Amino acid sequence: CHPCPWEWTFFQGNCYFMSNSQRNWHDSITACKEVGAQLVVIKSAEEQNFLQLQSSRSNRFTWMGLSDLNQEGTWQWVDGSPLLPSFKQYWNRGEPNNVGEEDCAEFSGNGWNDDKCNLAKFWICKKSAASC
């Protein structure tokens, strides 16, 4: 028994996978569903730091499961949960700025950016670990 599939990273009871290819935001959602996972929904500050460190180290602009597609300026996770005020700190300086209509969130440098959902980026999937 092992908690996560091969090539997935265990962190605090969940399993994470960073892609090696690039897709747009909606196709990244589909990619995670196909492996029994979800485009990453962040639930804690420690989880944010863990994910941001990997995006920063790898120098990969990476989608997360967050959008303001339903209501411009109101950010919602793909599981329906709202972006809480304790997470506004992670936006990069000047973000979100919706320049040229940007409705999907990415890890970019040290924080988050809103970018065009049609752009191809890396993505991270998350699913719960098995108990061994």
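Numbering starts at 1 and follows the sequence shown.
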| query | finding |
| --- | --- |
| Which of 32-40 and 79-87 has higher mean CA B factor, as the PDB entry lists it | 79-87 |
| Of 49-57 and 69-77, the one with larger mean CA B-factor | 69-77 |
| Position of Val99 among the chain's modelled residues by C-alpha B-factor, lowest, middle or highest third | highest |
| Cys15 by Cα B-factor - lowest, middle or highest third of the modelled chain | lowest |
| CA B-factor placement of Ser21, once the chain's modelled residues are sorted into thirds | highest |
| B-factor third for the C-alpha atom of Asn118 within its chain | highest |
| Chain-relative CA temperature factor third for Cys1 | highest |
